[PDB]
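What follows is one structure encoded as structure tokens, with my remarks underneath.
So basically every Cβ, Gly included, is an ideal-geometry build from the backbone, and we count neighbours across all protein chains shown. Each reported figure results from applying straightforward, stated rules to the coordinates on display, with no laboratory input.
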Amino acid sequence: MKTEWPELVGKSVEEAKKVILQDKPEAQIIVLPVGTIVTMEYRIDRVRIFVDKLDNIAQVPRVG
């Protein structure tokens, strides 16, 4: 199962959403600022993306 998208570092949200959905059609994509205090249970259909001030992906999106 695809669990990580290193290829999306530096891309916009729109492009990250399009690529994650091709690879993971059930994905629930959640957009958060870098540095967000996160304690969350594991959800296998969720993909969190952490974004910078210009809404570019700052780190490697991962399932969870």
Review point. Got a sec? Which residues in the stretch 11-51 would a label at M1 touch, if it sits 7 Å along Cα→Cβ and we count backbone N under 11 Å?
Key: 43-46
**Study point:** Fewest-first sequence of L54, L8, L32 by Cβ atoms within 10 Å of each Cβ
**Key:** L54, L32, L8
Check your understanding: With charges only on Cβ, +1 for K and R and -1 for D and E, what is the dipole size of the chain about its Cα centre, in debye, rounded to 20?
Key -> 60
Practice item. Taking amide H positions as placed in the peptide plane 1.01 Å from N, state which residues far from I29 in sequence (5 or more) or on other chains have amide H under 5 Å from it. Key: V47
Revision key, fill the gap. Assertion target for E15, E26, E41, ordered by fewest C-beta neighbours within 10 angstrom first, is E41, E26, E15
Review point. Cα extents of the chain along the three principal axes, largest first, in whole Å?
Key: 29, 26, 15
Review point. Say we join alpha carbon atoms closer than 10 Å with springs in a Gaussian network model of the chain; which of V47, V34, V13 then has the biggest fluctuation?
Key: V34
Revision key, fill the gap. Here the stretch 26-41 yields Karplus 3J(HN,Hα) values (6.51, -1.76, 1.60; θ = phi - 60°; whole Hz; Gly and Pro given as x) of 8, 4, 9, 8, 10, 10, 10, x, 4, x, 4, 5, 10, 10, 8, 6
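Exactly which trypsin sites (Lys or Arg not before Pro) in the chain are in a DSSP loop and have at most 16 other Cβ atoms within 10 Å?
Here the sparse-neighbourhood loop sites are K2, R43, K53.
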